[PDB]
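Okay, here we've got a single chain as structure tokens, the form deposited in one PDB entry, with questions on binding and movement later.
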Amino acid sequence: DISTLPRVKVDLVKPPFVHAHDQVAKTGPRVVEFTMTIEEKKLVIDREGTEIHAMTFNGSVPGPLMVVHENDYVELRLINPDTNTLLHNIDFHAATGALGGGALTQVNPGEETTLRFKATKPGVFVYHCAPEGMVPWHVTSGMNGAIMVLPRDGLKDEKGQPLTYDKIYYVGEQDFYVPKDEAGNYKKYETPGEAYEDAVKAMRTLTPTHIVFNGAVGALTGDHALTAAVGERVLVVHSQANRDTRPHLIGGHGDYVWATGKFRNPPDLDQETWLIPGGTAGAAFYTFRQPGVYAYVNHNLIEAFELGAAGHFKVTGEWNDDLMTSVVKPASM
């Protein structure tokens, strides 16, 4: 009887941060309560000022990372305020049945719904909006995020030993398809209905105009760079709801990676770069060994440096000259 179980209300945070949780479950199974409010909003996604009509869970691209343990129940209150214009729903890749919940969570503006599902499989998973007939449009408008279902005894390495992270970040990578005119400039649209056919045309090119982390070019840079200290263990959860990516920590590695994100599998060790297929979340665990600026990218470097799929870590601490040093600094022949 699910009513006999503890209920715990989670208060979500904006990516790339992650709400408070315990790696190792400190209670038995729980009903873990989440509320997300759908927000359609304009977002500026690049340095040029390109503005799109984004479709968000909880106001962000990506939507927030939800965290539970295996065999918890996830109970989501999904709210579609009447300030929105479109119907939305949600497909949880962590869930079993009804198109991941999509068939049960169709909410018009001015409606809400509450879905519960049992999180039977441990891993990081994509969640995304998926309204019948307009699935890729919602997803590539930003309407996706991820959920992490931790093993009840936390993460393990390839030998069954504990892996415990000190910090966790969630990098949502978004492929956008801003319609272009024949000369190559972005078009603008008066209504979602008027935008739809040109959105479809743009999607069918299979060529994103923008590929961004945390909803915009440069979002995880400057004062919003990711941070860590030398010696800290960091888990980076990375999702891509629609298109393949290949994450890479420039200057580091994925010490332990679940590239397709499912923790009953042993991790791959020492990855330089890993492929997260579109429609998947993956997770990489790294212990920083060197201070300084790192760049965290999709290692299609065009996608990273021209289209936006690059963020930074600023790492504090001691430099280790045994691990790397400039023996002779750049100088003239």
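Under this definition, the rigid core comprises the largest set of C-alpha atoms superposing within 1.5 Å between the forms. Numbering starts at 1 and follows the sequence shown.
The same protein has a further form, the form deposited in another entry, not shown here; the description that follows concerns it.
S.K.: Overlay on the rigid core first, then point out the one of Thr191, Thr205, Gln161, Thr164 whose CA is displaced 2 Å or more between the shown form and the other one.
M.R.: Residue with a C-alpha shift of 2 Å or more: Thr191.
S.K.: Superposing on the rigid core, is the Cα displacement of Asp223 between the shown form and the other one 2 Å or more?
M.R.: No, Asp223 moves less than 2 Å.
S.K.: So, does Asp181 move by 2 Å or more at the CA between the shown form and the other one, with the core held fixed?
M.R.: After core superposition, the displacement of the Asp181 C-alpha between the shown form and the other one reaches the 2 Å mark, so yes.
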